[PDB]
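> An experimental structure, sequence included, is below.
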There are 2 protein chains.
Amino acid sequence: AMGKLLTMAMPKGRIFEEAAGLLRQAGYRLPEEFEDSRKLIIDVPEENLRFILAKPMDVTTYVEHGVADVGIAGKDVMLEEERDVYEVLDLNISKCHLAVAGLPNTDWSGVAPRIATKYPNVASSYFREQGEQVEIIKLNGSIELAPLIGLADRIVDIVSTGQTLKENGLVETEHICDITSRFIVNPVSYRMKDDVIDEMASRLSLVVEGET
Amino acid sequence: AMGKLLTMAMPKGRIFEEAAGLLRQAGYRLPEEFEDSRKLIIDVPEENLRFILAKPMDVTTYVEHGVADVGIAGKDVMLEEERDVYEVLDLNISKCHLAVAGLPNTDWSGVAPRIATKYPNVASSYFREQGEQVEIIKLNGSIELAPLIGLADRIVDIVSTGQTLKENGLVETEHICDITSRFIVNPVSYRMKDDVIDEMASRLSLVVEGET
């Protein structure tokens, strides 16, 4: 027993559900509570797929190494920096974005204006290109906390986009990146599976582009 | 209303409970299900404390900035690199450690032996000092997954210590760091709160050293 599988990395983040939906919609018969699956690597034999439920920064990783042939790369990954994977297709279904935000009616620090973020990479570059001598603090989670106890008056971070008051009870100060997930493909994988993979790319982009 | 508080960073990791216990034992009347608290910043007015429930890599962060005066620095933090905080006191109550591990009866790769880890920093240095031309892949979570789908046959990562088969269903290949949590103190904080802080240091180390 061995053959024609397609290993798709999914970001286990919020996007998981919406990423999962794209497929369901793009016509891949995923099992019902795939969406709440605890497992890290779930199989859909009937539809040729094996999913790995990556933490969303890793999705590309796996895809980059062809451990997964294909990724729904909740662009959080592509926040890291520039790297190797075909970015086949934006799925600006899976929406939301990256922002400088902070607490409601608190303005920037006079001295040592500061940012907590998981993403020194981007924030740094943002303020490294925006001109601000700012002070960035890599934080591994609980970023709402930062402003709350004043680690930093401003987080650089991913929140919804719609309007100015994030889920956090925070408030977007200075938008930076919009970010789209994208269906990404490992190139050496794609060489070998262009069939399923194009087929998917097409299948997805209709779901995406079409309904809007 | 404002005054003599002491903001203690706790790692919300596994250690949280054992970190919490040290205090309970060191005689700080924490509320009952403090230990399961969802909140990021919990207060114990009666015992002068305010806790922030940092993600464990951040505990030092907060402490380093004096957002928390004091940390139980589940050494995961001090895995990052060398940095500013008095390392007052090991709490080798909160035990466990860092290892190269991988799956049961699988040996190293012939070509491109590889490591998934959250900690390129340490793993890299470890193999950068051990002599191995290895291949390290920063992974943000779900590290069990790496070997399972062969991202890398070997994770560098934190697991229990006792015996050779980690919680993961993995198996320790090559121990590297033992790691102790330690009660850490922000120096500018300590200057101002040496009282509570020494008092704590003493109070903790008796709980720690004593019973063993």
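Thanks, I have it. Numbers count the residues shown, from 1 in each chain, chains lettered A, B, ... in the order given.
> any chance you could read off phi and psi for residue A:26?
Backbone torsions for residue A:26, taken as degrees, to the nearest 10, come to phi -70, psi 0.
> got the residue ranges for the helices in chain A?
A:15-26, A:58-65, A:76-79, A:120-130, A:145-148, A:187-205, A:211 (DSSP state H).
> Other residues contacting the longest one?
In other words, helix A:187-205. Helix A:187-205 has contacts (CB atoms under 8 Å, 6 or more residues apart in numbering or on different chains) with A:6, A:22-23, A:26-28, A:48, A:63, A:66, A:68-70, A:84-86, A:88-89, A:91, A:183, A:185. C-betas here are computed from N, CA, C, even on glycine.
> Just the buried residues from those residues, in PyMOL please.
Of the contacts of helix A:187-205, the buried ones can be selected in PyMOL as follows, counting by 16 or more other CB atoms under 10 Å in any protein chain shown:
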select buried, chain A and resi 6+22+23+26+28+48+63+66+68+69+70+85+86+88+89+91+183+185
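> ends of stretch A:86-97, how far apart?
21 Å (CA to CA, to the nearest Å).
> Quick check: residues of chain A near chain B?
A:7, A:12, A:40-41, A:52-58, A:61-62, A:65, A:67-68, A:137-142, A:144-145, A:148-151 (CB under 8 Å from any CB of the partner chain).
> what do you get if the cut-off is 7 Å, keeping everything else the same?
Residues of chain A lying close to chain B (CB under 7 Å from any CB of the partner chain) are A:40-41, A:52, A:54-55, A:57-58, A:61-62, A:65, A:67, A:137, A:139-142, A:144-145, A:148-151.
> Just those: which are in strands?
If you go by DSSP state E, these have A:41, A:52, A:54, A:137 in strands.
> Tell me, how many residues neighbour the first one?
When neighbours are counted by other CB atoms under 10 Å in any protein chain shown, residue A:41 registers 18.
> Isn't it up against residue B:147?
No. With contact defined as CB atoms under 7 Å, residue A:41 does not count as touching residue B:147 (11.4 Å).
> Could you break chain A into its assigned domains?
A:1-95+A:178-212, A:96-177 (curated CATH domains).
> Out of those, flag the one nearest residue B:110.
When the domains of chain A are compared by CB to CB, domain A:1-95+A:178-212 sits nearest residue B:110, at 16.9 Å.
> what's the span of that closest one from first residue to last?
End residues of domain A:1-95+A:178-212 are separated by 41 Å (CA to CA).
> And stretch A:167-187, by the same measure?
37 Å.
> quick revisit: show me how to select, in PyMOL, the buried members of the residues of chain A next to chain B.
Buried members of the residues of chain A next to chain B, defined by 16+ other CB under 10 Å, are picked up in PyMOL with:
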select buried, chain A and resi 40+41+52+54+55+57+58+61+62+65+67+137+139+140+142+144+145+148+149+150+151
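> Can you tell me which of the helices of chain A is most buried?
Highest mean neighbour count of the helices of chain A: helix A:58-65, a mean of 28 (counted as mean count of other CB atoms under 10 Å in any protein chain shown).
> list the helices and strands it packs on?
strand A:6-11, strand A:70-72, helix A:76-79 (3 or more CB pairs under 7 Å, 6 or more residues apart in numbering or on different chains; DSSP states H and E).
> Give the buried residues for stretch A:156-170.
A:156-159, A:161, A:166, A:168, A:170.
> burial measure for residue A:119, as a count.
Residue A:119 has 25 neighbouring residues, counting by other CB under 10 Å.
> And the residue nearest the centre of chain A?
residue A:74 (2.3 Å; CA atoms, centre = their mean).
> pretty sure that residue is in contact with residue A:94, am I right?
Yes. Assessed by CB under 7 Å, residue A:74 is found in contact with residue A:94 at 6.5 Å.
> Could you pull out the residues contacting both of these two?
Shared contacts of residue A:74 and residue A:94, defined by CB atoms under 7 Å, 6 or more residues apart in numbering or on different chains, comprise A:15, A:19, A:181.
> Out of these, which comes closest to chain B?
Nearest to chain B among the shared contacts of residue A:74 and residue A:94: residue A:15, at 14.5 Å, using CB to the nearest CB.
> residues in contact with that closest one?
Counted by CB under 7 Å, 6+ apart, residue A:15 has contacts A:56, A:74, A:94, A:181.
> residue contacts, the closest residue to the third one other than its chain neighbours?
By that I understand residue A:94. What sits nearest to residue A:94 in space, not counting adjacent residues and going by CB to CB, 6 or more residues apart in numbering or on different chains, is residue A:181, at 4.0 Å. Neighbouring residues of residue A:181 by CB under 7 Å, 6+ apart: A:15, A:19, A:72-75, A:91, A:94.
> Show me which of those is closest to chain B.
residue A:74 (12.1 Å).
> List the pairing partners of the strand ranked longest in chain A within its sheet, with orientation.
The longest strand of chain A (DSSP E) is strand A:171-178. In the sheet, strand A:171-178 lines up against strand A:97-102 (antiparallel) (DSSP bridges).
> ok and the strand it pairs with relative to helix A:120-130, angle-wise?
70 degrees (axes from the mean of the first three to the mean of the last three CA atoms, to 10 degrees).
> pretty sure residue A:103 contacts residue A:146?
No. Checked against CB under 7 Å, the pair residue A:103 and residue A:146 is beyond contact range at 9.7 Å.
> Pop out the phi and psi values for residue A:113.
Main-chain torsions, residue A:113, degrees, to the nearest 10: phi -60, psi 140.
> again with residue A:67
Torsion angles, degrees, to the nearest 10, at residue A:67: phi -60, psi -40.
> ok, it - contacts?
A:7, B:149-151.
> residues contacting residue A:148?
Contacts of residue A:148 (CB under 7 Å, 6+ apart): residue B:41.
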